[PDB]
Each structure stands twice: as structure tokens, then as C-alpha cells.
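These notes are about the structure you will find just below.
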Ligand code: HEC
Ligand code: HEC
Ligand code: HEM
Ligand code: HEM
Ligand SMILES: CCCCCC[C@H]1C(=O)O[C@H](C)[C@H](NC(=O)c2cccc(NC=O)c2O)C(=O)O[C@@H](C)[C@@H]1OC(=O)CC(C)C
Ligand code: FES
């Protein structure tokens, strides 16, 4: 296919979490959550993440409960069977900006902003793709590209025409930790955040893998000693033949 | 337990469908549907039955479509993502009188009228229990029974006090076939109807069972001939012993 | 006042019982009780009656404050529960079950 | 009757072919026969008996 | 060192008991050692490192 | 040499189903083995089919079973066949065990097939209990609640174990999903053990109703027992047909057609009929832990029959006193069954305790006494 | 303990002559009427006691127990029930 | 075709004496360095062609195909692509 049809393949950036021994930077994850909440959440849902998931990753229990309690969720009906709302709890899922697909598409000139809970695993490239995409809107589309109406040019997106406009501009977010909120900083943070959302066990997984690698390496070394020890009678065997 | 606590056990009535070779009387089923629709459906749902299930049992396709098309059901949202209703189709399920349990209980002084799709299989007694219950409200509770407020005495119901009032009175329904709508006639019809609802394969099941009984009986007879034929050498064996 | 908290779909009655309510409950001789228990067995704190607000008969929810022993009245078959939530009159065999609840703070309980 | 044996039974290929053809015919006729029998013992009861009113 | 053999290895019951006790100790110490190592190579990155701000 | 003997694969089939040497005098009670194999095949066929239509989520399980009954072509049949064959499986298994006890199939040299058999019996109980829960009707739920709360009586760890099995604090969605997976698996484990008890039996061959050696007079398994097994297959299928087509709910409990409701408790929680004797044994002991141990011991005690039967003669065909004792044992086992489904009321409480003592005393006292005395009577009587 | 055809593990047999006829030469139903009536009567009569005694005893036990239970939960049986609890 | 210990189906063996020492009497790692270096070199050298020839050929094929494909879907390759379809 033409490279246009595939999309430009994203650069390999050195993410903090790349590397067999490396966790996420949780301060980046927290910054990234703030980007999601102030920018992406306007159009994109994060349906697979519950408030409880942020606790002990990005937020304390109190901060997360505060976020949950600011929202209203559907309760069980009252005693007259009339519908009711309740304040959110830690077990609640982070709510979407739209009630259904149709509402979502109507607000986005037909395009459906996907759920971002898995988007880091659901695209070739992962964090690098998300970072590349958000930072890769050129000021001007390459001369001679024909964009459909309501499309924006982005070379990393397959086909080139994406229904999502550039959204990150210097200082759209005010980070609470005093980090300069540059386009690239915000994209790095939110891309890290979304990667965590897709794979929240990532830190635990790689620690257990370190333990497993060490034990299995030792057992591999020892298994070879034991095999050679038990086989030495057979390898060392000699014959003396006297034809009868 | 006290017999009160168990409930009086219902009589064995000779239903048309009792008997290995007997189907339901479908004219009774149709009459019973009319009782359900005009009396029971005020409080009880029939959630497991779709309009299509009445077709070729009680109603023609046209009559059933007419019943479905009179109702409104939840459609997929419109293009602005606003909720919408549509007219019913044959694949739709017969809708309940209440949106939820809470609404149901609030309308019935706390008691929850159960769904009747399975009630004939879900009680000891089946059709006989339903018939006995609907016809078994005495004019006066036996002297010395203390009914709780909003309870009605019915000996067939375990405990005696049922939250469902007597509902069948002579001429509450006007049958379309000119059958006199007496309490007993209506109870017989509706109990038959509910029995069909619980087990709609009943007629097919018993016809295939007749075929199965006949084939398996013949094969049983033949299997015995064949076994005796193959075993006759062994059964017929005789010995002559000459001690050596 | 009595609150109704859903907890695993089942309703939880939490009553903030007054002094005189506690007194009324501490009266009934244990002897004459389908399910013999005293309020002290039921509550771990006399000001917090916490029960699973499902009637022990079939499983309707009793309407509180109503009754004949002025606690809870199941409208379904007319069983009356107490200010301890003990069964007094009607078909119900047992007293309204007590969940495992702990006072983490004096102002918050977990169930 | 030797003829009958020789044709349909002696060769197993023929015997099994005869059994399967018989099974086909039995299956078809038995279906039809049960259908008619069932309709007579349950006369005026089934949908097909009341359908004419509609 | 004959002593060591005689006590811990000669009887299989003793050998397996020694193996399992060693496994228990290894398991416990290795867990703790990995935990500390993991915290040092990922310093300032984990929640426990930023939690103090809150 | 004939292919069926030459080829290693064919030879294994041959050794079990064709040239297998059997005693020439096995009576109809030797046919329950093949009926249990037929039940196991029907359960696999119907079970796998139901699994294609069932959804293990608790919000949908009961509805999926209604979907099977109402929407799936022949769904009603596959569901009722599976549910009723579970009853027939236990009729056949009790018959098969009864035959083994009466004819002393548990004695040397067949202790091994017998002992594996006792494990098959345990797996069948577990299999059928979990399958019952999958419907997620009221009997499903309240059965899982009560039975898994017995495990709470295991001291110290019991509570933790229960919550671990449920996957939660009560019977709910996690429980249902895990029971689905296990109920799918357990029948394959059961089939493997069924095959192991046969392989174990192959060393001694089948016992026979006279309890003597059959080495003197053997008959190939086919065609003699093949065609004898067809008689009981057709007899079984006649009984199956009467239940499945004409009375599909006669063996069941209507309460399971009410969707599970953790609030409402059913009128009476009684298990499926085939568990009832064990349930009566459990109720007989007042202590919770005692009751559970007794209930498990009621099954495991079968493993000591090889020890406590002290007879020099195999089986009961020739032992009039043992036959009477066995009759009393079997009738008591049925009375236990009936006491499992009455209410916990006088005078059935005391009666259940007497029947439970009689059940255990058969293995521990009576069989050892009676078998010792009969030894002496045979010897003195024939002098 | 059990061998296979040709070394089954029978003590040596000698001097038994066994005879039988083909299934096609025999009447498979010969004397079935006589057997179904006289033979089944003989075999049943010989085993009747071993079934009838335990069944009749346990039926009587159940009957006594079920009748007592029923009577205890009547009005007449209120007092006897009160003592039994 | 294969028997079991004691009747394996070997032709009769005679006059072979086999000797070995205990695993505890041997160094299991004796001459490992020599083998790891010299023996592996020998064995690899002897088999190298059977791997290198097919792998190098199929790698070259793939390389030619992937480079052509890439070139056909450029601007420069428009005409050659048009003919190829
Ligand atoms: C006001 C609208 C809007 C905002 C703000 C927005 N998006 Fe999107 N986004 C979209 C739409 C519409 C699409 C789908 C575009 C398409 O399929 O043509 C989309 C697509 C995406 C995709 C997937 C592209 C693909 O390969 O399918 C990612 C990843 C993404 N957005 C992330 C973000 C992040 C991260 C932010 C902000 C930090 C963000 N979006 C802000 C509307 C938005
Ligand atoms: C206006 C109310 C009302 C009407 C009309 C009504 N029911 Fe009910 N029904 C109830 C209530 C409430 C219950 C539950 C009673 C209880 O649990 O105490 C109930 C229970 C039942 C039960 C189950 C009783 C049990 O065993 O749990 C059946 C069967 C039943 N109704 C059938 C019918 C039929 C058939 C009709 C009319 C043809 C009917 N009902 C009309 C309110 C009604
Ligand atoms: C799926 C369950 C089972 C299957 C399919 C099965 C099948 C069989 C079969 C086919 C035989 C040989 C034929 C026969 O005697 O009937 C047999 C024999 C036997 N089975 Fe079972 N069996 C099962 C369960 C059990 C159980 C639960 C026990 C014991 C508690 C048991 C103990 C035996 C014994 C001891 C024999 C040898 C009996 C003898 O021939 O003397 N089996 N079984
Ligand atoms: C020994 C084998 C088996 C036994 C004794 C057994 C027993 C049962 C029982 C008793 C039920 C409850 C039936 C009811 O009342 O509806 C059931 C349900 C079920 N079984 Fe099995 N089963 C067996 C094998 C299998 C197998 C192999 C599967 C393969 C998945 C399976 C799948 C199911 C399913 C999906 C249900 C739920 C649907 C239903 O209730 O009908 N079963 N089983
Ligand atoms: C096809 C070859 C694979 C070997 C295993 C298949 C089955 C097999 O061996 O069949 C045999 C026919 C066997 N019957 C007997 O032993 C038998 C012996 C003597 C008398 C009678 N009856 C009297 O008249 C018998 O019924 C049987 O039904 O046992 C099944 C359970 C076996 O299934 C398995 O274990 C595997 C799995 C499906 C349980
Ligand atoms: S349900 Fe509570 S009173 Fe019967």
C-alpha cells in the first residue's frame, strides 16, 4: 500500500517505562490524568477505569473519593419506583461525555472518538503512536493532499485525514506541580497516562518477571549441571570388542 | 409443619392436556390469553413470552402483529442521540405493567406480583394450583384466622394470607366466542394459558414422545429376540463328564 | 430516623434510636420471642440499630416506624418487627439479620 | 424365498442398503401416520382446528 | 563435613525437610531483596516516592 | 495374526470391548456399568450442547436457560434430557454400587477398582451439585449457600475457604462463572476415573453372581454382552422417554424455576433426591462440624468394606443371613433418603438418628459379626 | 490372576465334553411360557422373604412416624408437641 | 518390533564389553571448555552450508520482493504499478 494509506510509523521514544526494569513515572501519570480530564475527556471516554484504579497510582484515596463524589450516577429506583441519582463512589467507572455512539458522532461531525482505556494496546506503536499523533499535526497539510470536510491532516493517522483536530497547545492545562505545560510535555504525560490505563499491572508484572527471570535462570543452570551429572555414565561409556 | 403453613394441596382436576396423548385445547388457550390481558396483566408481567409465540397457538400472525403495533417500545437513539420509541414488532416481548420491582411493590401494598411466565412450573401443583388459588377465596376467612392488613385469606396459598385479592368475578371478561365468563370458566382458561406459557413445547414434546415410545418399544421387543437368539448356544449347552 | 442503604442489592435499615426507644426494646422478656435475643446481642452500639432490612418470612422489605411494636411492619404478610428488629407478630420465623458492620470512625460505619 | 434371501440379505452391502432404504421409507410413512393419528385423537383442540375462525 | 552430610542429606526425610525450610527462607528473603532493589532502580518514579506531597 | 490383535491401538479396544473374557453367567445387574456409560455419554452430548447456549454471567444465566427452553430448536429436549439423565445416572450408580456390595465385588482381588469407584462416586456428587447451581434459580442459589456454608465448620480456615470458593462474600456472579467452568470439566475427570476403574478391573476380570472363579468358563464380551447390554439400553431409554417427554418435571423441584433472589428464602431447601440420604446423615448429628464429617464418612466408609467383610466366601448369593442384613441396610438407606426431605420435626429427628446409627453400624459392627458367624456356619454345617 | 485366551489360568480341564447347537438350529423361545410362569414363580418364591421382611418393616416404621408427625401438628396434638420440643 | 527389557529384539550380542564410571566418580564438566570451543566449531562448520544456502537464498528473494513492492507504491513506480495490475 502507499505509505499514506498506512500512516507514518512513529519514532521510538525512550519512555521511562521502556526497559525491563523500569516502572512508569507516577508523577507523569498524575500529570497525564490532569490532561485527560481537562482536554480529552470532553470527547473521549475512559470506560474501563474506575475511580478506585487511580488510588495508590496517581491519587490518594481522599482525592479520588472527592472526584467521584462530584459526579452523579444512576441509583436504584426509590420506593415509589421513581428513578434516582446518587453521588459517585470509588467503585464507579469514570463516566463518558456522551450517552451513546449516536450522540458522540453527532457532536463530532460524524466521527466516533474511541474509548481510550485500551487505545495504547489497540494501535501499532502504543505510547509512541499516541505521542506522535498528538504532536504530529503540521501547521499546513502537505501541498496537494485533499482533505475531506471536517478532517485534519495528520501523517501518523492511516489515510492522513483524522476527524480529531489539534487539541494540545502551549498552556491549555495548568499543571499543579509547576511543570511547563508545553504541547510536547502534555502529550508525553497523557500518552504515559493512557499506557497505564491500558496496562495497569505493568509495574507489578515487570517486578514479578525480574524474580521469575532470576529463579528460572538459576534453575536452568542447575538443571544443566544435574543433567550432565546424571548422563555422565552414558557419555563416558567405552567399549571393548573382541569378535567371537 | 401445620397444614396452614403448607397450604391446602390442590385437587387433581382433569385438564384437557393431562394424558399422554392430549394436547392443550387451543380455544381455551385463546380465551385464557384474553383473561390474562384484561385481568392479570394489570399487576403481573409475562416477560418471557414474545408476540411471536402467540402466533399459530392462539392468534393468527395478523392479530398478533396488531397487538404488538398498539404498543410503544424503546428504539435505538436518533441521530442527535435522543431516545426514541417505536411501535412493537413480533419479536418484542410482552411488556410488564411496572418498570421495576419497586414500582410493582408500591402499587401492591408491598407485595410483589411474580412474573407469570413460569408460575405453572414454579409451584407444586402446576395448573391445579393456579386454578385452586384463583377459585379458592372463601367469602369469609375461617373464624379465628387473623389476617394482616392488605391480606386476603386463601387456603391454597402457604400461610393463608395472600397479598392478591380475589379478582375473578362472573362477567369481568366478555369472551369473544360467547362462552359464559363464569369465575370457574375464567380460572380454567387462564390457568391453561399460563401452563402453556410455562411449557410452550408441551404439544410438540408429547407428539415426539409418542413416536419415541413406539420405536423404542419395538426396539426393546426386538432386542430381546436378538439377545435370546445370540445367547441360545450358551443357554442350551449341555455337559457330559467322564472323570479321568 | 431510619435510613435505607443498599448494600449488595439488599436494603440496610440504619436507625438512630432515641433513649426511650432503647428502653422500650430492653423490656421484652427474651423467653417470649420466636427468635430469642436481647438488643445487646443485636447492636454493638445502642444508638445504631443496623439490620439487613429484608423480612425473614419471604423477603419483602418492612416499612419502618409502622407495626404494632412500632418498629417495622412487613406489609406483604403482616409481620411486625421491634425496635431491636425482633419478630413479635406475623408469619416471619427469625429476627431481621444483622450484617457484619464495624465502626471505623464514630461517625462512619462500614458494612 | 431363497430368491429374497439371496437378493437382499446374503451380501452385507445389500443388507445394509436394504435396511437404510427401509429406514427412509419407515421414517417418512411413520411421520405421516403419527401426524394423522395425533390429529384425530386431539380433534377440535389444536390450532389447525380453530384457525378457520380467523 | 561428614557431619553436615549425615545430618541434612543422608536421610531423605531430612533432605526434603531441609529443602523446604530453605525454600521458605529463600522465598522470604528474595522477596524482600527484590523489593529493595526494585525501589532503588525506580527511584522517584513510584507512587510511594511521590505520595509524601499529599 | 488378526488385525484387531496385531495393531496396538485396535488391540486395546479389542481387549476391552470385543475379546475381553467375561464370566458366562453375569445377570442383569451387571448391565448397570454400560448404562452408566450411556448416561455419561448422554450427559456429555447434552451438556456440551447446553454449554453452547448457556451464559455463565449471573445477570443472564437464568434467562439463558429460559432461552434454551423456549427459543432453541429442541432446546427443551436437550435441557430436560440433561436434567433427568442426571437422576437416572444416580439410579444407575446406586444400582451398580448395590450390585457390587451384594456380590462382594469389593473383595480381593478387586479392592482397587472398588476404591477408585468410590472416588468416581464423589466426583459424580460434586459434578451434579455444581450443575444444579448453574440454573441460578432459587434452589440453585440456596443450595450453594447452605452447602458452601458447611465448609465454614472446618476450624480456623473454614470461613476463608468459603469466601475463596465463592469468589466473594456471598453466592453471586463469581461463583456462578466458576461453577460453570468446573461443571464443564468435572465430567471429563469422571470419565477418566471411570476408565481407570476398568483398567484396574482388567487384571481380575468381572466377578460373577456365584462368587466363584470364572477362569474355568469364559465368554467373549462381544457378541454376548454387547447384545445383552442392548436390552437394558432400550429398557433405560423407555424409562428416559417416559420422564423426558411425558413428565419432565416429576423428578425436579419447582423452586428452581423462580430466578435466584438473595433476599427471599424458599419455603423449604431440600437437595436433589439423590443427595437426600447424605443430607439426612448430616442432619442427624447436632454439631455442625460433626455433621459434615459424618456426611463425608458416610461415603468414605465404603472404602473399608474390603477389611470388615471377613467372609471366606465372595458375595451374598449363598449367605441367607447376609442377604437379610443387606436388605435391611438398603431399606434403611432409602428411609434415610425419605428423612432427608421431611421437616426437622418430631418424631423424625430421633428416627433420623437411629437410621444414621444403623447405617454406620452395618460397616462397623454387623457386617464383621455376621460374616464371621456365617464362616463358622458354613464349616460346621457341612462337616 | 486372570490370563487371556489360551492361558486363562483355569486348573487343567479334562474329561468334560460340552455340546451346543447353532442359534439357527434352536428355537430361541422354546418353553418360554413354562419358564415365564413356573420358573419365575419358583425363583421369586425362594427370594420373597429377603425383600418382604425389610420392606414391610421399614414401611411400618415410616407409617408410624408419618402418622405421629401428622398428629403432632394438629390441634389435638398441641400438648404432645409442646413436650416433644 | 520393539520388545521390553530382556527380550528387546536385538540380534544376539556377544563379545562387547561396556564400561563406565559412576556419576559421582566423574567430573561432569571435564573438558567442557575444549568441547564448547573446538567441538562446537567442528560441528557447526560441518553443517553450515545446509543452513546458509537456503536461508541466504530466501532472504535475498524476500529482500528483492519487498524492495520492488516498496518502489511500486512510490510516485516513481506509478507506471510500473499500473502495468502490474
Ligand atoms: C473535541 C474532540 C476531541 C478532543 C478534544 C480529543 N479528541 Fe481524540 N479523537 C476525536 C475524534 C472525533 C477521533 C476519531 C478520529 C477519526 O476516527 O477520524 C479521535 C481519535 C483519537 C485517537 C485514535 C486515533 C486512531 O488511531 O483511531 C486517539 C489515541 C485520541 N483521539 C486521543 C486523544 C487525546 C490523548 C486527546 C487529548 C489529550 C484527544 N484525543 C482529544 C475527538 C477528540
Ligand atoms: C391488582 C393485583 C393483582 C391482580 C389483578 C392479579 N394478581 Fe396475582 N398476585 C398479586 C400479588 C400482589 C401477588 C403476590 C401475593 C403475595 O405474595 O402475597 C400475586 C400472586 C399470584 C400468584 C402466585 C402466588 C404464589 O404462589 O406465590 C399467581 C399464580 C397469581 N398471582 C396469578 C394471577 C392470575 C392468574 C390473575 C388474574 C387472572 C392474577 N394473578 C391477578 C396481584 C394481582
Ligand atoms: C461413571 C461411573 C461408572 C461407570 C461408567 C462404571 C462402569 C463400569 C463397568 C462398565 C464395569 C464392568 C461391567 C459391570 O460390572 O457392570 C464396572 C465394574 C465395576 N464398577 Fe463401575 N462404573 C462406574 C462407577 C462405579 C462406582 C461408583 C463404583 C464403586 C463405588 C464402581 C465399582 C465397580 C466395581 C467394583 C466393578 C467390578 C464389579 C464386577 O464386575 O464384579 N463403579 N463399572
Ligand atoms: C456427569 C455428567 C454431568 C452431570 C451429572 C450433570 C448434571 C447437571 C445437572 C444436575 C444440572 C442441573 C440441571 C437442571 O435442573 O437444569 C446440569 C446443568 C448443566 N450442565 Fe451438566 N451435568 C453433567 C455434564 C455436563 C457437561 C459435560 C456439560 C458440558 C458443559 C454440562 C453442562 C451443563 C450446563 C450448561 C448446565 C446448565 C444448563 C441447565 O441447567 O440445563 N453438564 N448438569
Ligand atoms: C471402544 C474402546 C475403548 C475402551 C473404553 C470404552 C468403554 C468400554 O470398555 O466399553 C465396554 C463395553 C464396557 N462394558 C463392560 O466392561 C462390561 C463388562 C462385562 C459385562 C457388561 N455388561 C453385561 O452384560 C459390560 O457392560 C463399558 O460400557 O464401559 C465403558 C464405561 C467404557 O468407557 C470408558 O471407560 C471410557 C469413558 C467413556 C468412561
Ligand atoms: S414477606 Fe415479610 S411478612 Fe411475609
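For neighbour counting, all protein chains shown are included, and Cβ atoms are generated from backbone atoms with ideal geometry for every residue, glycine included. Every read-out reported here was derived from the displayed coordinates using simple, explicitly stated rules and does not represent laboratory data.
Go through B:233, B:149, B:141, B:244 for me and flag whichever is assigned to a loop (DSSP other than H, G, I, E, B), over 31 Å from the mean Cα position of the chain (by Cα) and either within 12 Å of another protein chain (Cβ to nearest Cβ) or crowded, with 16+ Cβ neighbours inside 10 Å (or both). Lay out the reasoning, then the answer.
Values: B:233 fails: assigned to a loop (DSSP other than H, G, I, E, B); B:149 fails: over 31 Å from the mean Cα position of the chain (by Cα); B:141 fails: over 31 Å from the mean Cα position of the chain (by Cα).
Step by step, each of B:233, B:149, B:141, B:244 is checked, and only B:244 is assigned to a loop (DSSP other than H, G, I, E, B), over 31 Å from the mean Cα position of the chain (by Cα) and either within 12 Å of another protein chain (Cβ to nearest Cβ) or crowded, with 16+ Cβ neighbours inside 10 Å (or both).
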Practice item. Could you list all residues from region C:53-88 that are surrounded by fewer than 24 Cβ atoms within 10 Å (Cβ to Cβ), in a strand (DSSP E or B) and within 10 Å of ligand 6 (Cβ to nearest atom)? Key: C:80
Exercise for review: Show the residue pairs that are 6+ apart or on different chains and have beta-carbon atoms under 8 Å apart, the first residue being within region F:110-124 and within 14 Å of chain G (Cβ to nearest Cβ) and closer than 11 Å to residue F:194 by Cα, the second being within 15 Å of ligand 5 (Cβ to nearest atom) and part of a helix (DSSP H, G or I).
Suggested key: F:113/F:197; F:113/F:198; F:113/F:200; F:113/F:201
**Study point:** Evaluation of residue F:25 against (1) within 11 Å of another protein chain (Cβ to nearest Cβ); (2) in a helix (DSSP H, G or I); (3) more than 9 Å from ligand 4 (Cβ to nearest atom) (one fails), failing number
**Key:** (2)
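Tell me yes or no: at least one residue of region F:307-314 is assigned to a loop (DSSP other than H, G, I, E, B) and surrounded by fewer than 17 Cβ atoms within 10 Å (Cβ to Cβ).
Step one: list which residues in region F:307-314 are assigned to a loop (DSSP other than H, G, I, E, B), which gives F:309-314.
Going one step further and asking which of them are surrounded by fewer than 17 Cβ atoms within 10 Å (Cβ to Cβ), we end up with F:310, F:312.
Within region F:307-314 (the criterion being assigned to a loop (DSSP other than H, G, I, E, B) and surrounded by fewer than 17 Cβ atoms within 10 Å (Cβ to Cβ)), the answer is yes, since at least one residue qualifies.
Checking the condition buried (at least 18 other Cβ atoms within 10 Å of the Cβ), more than 10 Å from ligand 2 (Cβ to nearest atom) and more than 14 Å from chain C (Cβ to nearest Cβ), which residue from B:119, B:94 passes? Lay out the reasoning, then the answer.
Numbers: B:119 fails: more than 10 Å from ligand 2 (Cβ to nearest atom).
So the residue among B:119, B:94 that is buried (at least 18 other Cβ atoms within 10 Å of the Cβ), more than 10 Å from ligand 2 (Cβ to nearest atom) and more than 14 Å from chain C (Cβ to nearest Cβ) is B:94.
Where in region F:154-271 are the helices (runs of 4 or more DSSP H), entirely inside, with at least 2 residues that are within 21 Å of the chain's Cα centre (by Cα), farther than 27 Å from residue G:9 by Cα and within 16 Å of ligand 5 (Cβ to nearest atom)? Walk me through how you get there before you give the answer.
On the way: elements: F:158-166, F:173-201, F:221-241.
Helices (runs of 4 or more DSSP H) meeting the threshold: F:173-201, F:221-241.
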Review point. If we scan region C:17-38, do we find a residue that is within 23 Å of residue A:81 (Cα to Cα) and either within 13 Å of the chain's Cα centre (by Cα) or not in a loop (DSSP other than H, G, I, E, B) (or both)?
Key: no
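Report yes if residue F:218 is more than 10 Å from chain B (Cβ to nearest Cβ) and without any contact (Cβ under 8 Å) to a residue 60 or more places away in the chain, otherwise no.
Details: more than 10 Å from chain B (Cβ to nearest Cβ): yes; without any contact (Cβ under 8 Å) to a residue 60 or more places away in the chain: no.
Spelling it out, it is not the case that residue F:218 is more than 10 Å from chain B (Cβ to nearest Cβ) and without any contact (Cβ under 8 Å) to a residue 60 or more places away in the chain.
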Exercise for review: Would you confirm whether any residue within region F:255-266 is more than 14 Å from chain C (Cβ to nearest Cβ), surrounded by 18 or more Cβ atoms within 10 Å (Cβ to Cβ) and touching a helix residue (DSSP H, G or I) at 6+ places or on another chain (Cβ under 8 Å)?
Suggested key: yes
Review point. On the given criteria, is residue E:33 surrounded by 11 or more Cβ atoms within 10 Å (Cβ to Cβ), at negative phi and under 22 Å from the mean Cα position of the chain (by Cα)?
Key: yes
Check your understanding: Residue check, residue E:15 against (1) within 14 Å of another protein chain (Cβ to nearest Cβ); (2) surrounded by 11 or more Cβ atoms within 10 Å (Cβ to Cβ), all met but one. Which one?
Key -> (1)
Practice item. List every residue pair whose Cβ atoms lie under 6 Å apart, where the two residues are 6 or more positions apart in sequence or sit on different chains, the first residue falls within region C:37-62 and is in contact (Cβ under 8 Å) with a residue 60 or more places away in the chain, and the second residue, located anywhere, is more than 16 Å from ligand 3 (Cβ to nearest atom). Key: C:50/C:14; C:50/C:101
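Determine, yes or no, whether residue B:36 is more than 8 Å from chain D (Cβ to nearest Cβ), in contact with a helix residue (DSSP H, G or I) (Cβ under 8 Å, 6 or more places away or on another chain) and within 11 Å of ligand 2 (Cβ to nearest atom). Step through it out loud before you land on a result.
Numbers: more than 8 Å from chain D (Cβ to nearest Cβ): yes; in contact with a helix residue (DSSP H, G or I) (Cβ under 8 Å, 6 or more places away or on another chain): yes; within 11 Å of ligand 2 (Cβ to nearest atom): yes.
The answer is yes for residue B:36.
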Point to revise | Search result, residues across region A:68-91 that are away from chain B (no Cβ under 14 Å) and more than 17 Å from residue A:197 (Cα to Cα) | key: A:68, A:69, A:70, A:71, A:72, A:73, A:85, A:86, A:87, A:88, A:89
Check your understanding: Quick one: would you say residue C:109 is touching a residue at least 12 places away in the same chain (Cβ under 8 Å), farther than 25 Å from residue B:148 by Cα and more than 16 Å from ligand 5 (Cβ to nearest atom)?
Key -> yes
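Please work out if residue A:156 is part of a helix (DSSP H, G or I) and more than 14 Å from chain B (Cβ to nearest Cβ).
No; evaluated as a whole, the condition is false for this residue.
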Review point. When you go through B:197, B:218, B:187, B:191 one by one, which is the residue that is more than 9 Å from chain F (Cβ to nearest Cβ), without any contact (Cβ under 8 Å) to a residue 60 or more places away in the chain, assigned to a helix (DSSP H, G or I) and within 18 Å of residue B:15 (Cα to Cα)?
Key: B:187
Review point. Identify, please: which residue in region F:221-251 is within 30 Å of residue B:159 (Cβ to Cβ) and surrounded by fewer than 20 Cβ atoms within 10 Å (Cβ to Cβ) and is, among those, nearest to the other protein chains (Cβ to nearest Cβ)?
Key: F:249
**Study point:** Filter result for the condition that a residue is within 13 Å of chain B (Cβ to nearest Cβ), more than 16 Å from ligand 5 (Cβ to nearest atom) and part of a loop (DSSP other than H, G, I, E, B), over F:72, F:65
**Key:** F:72
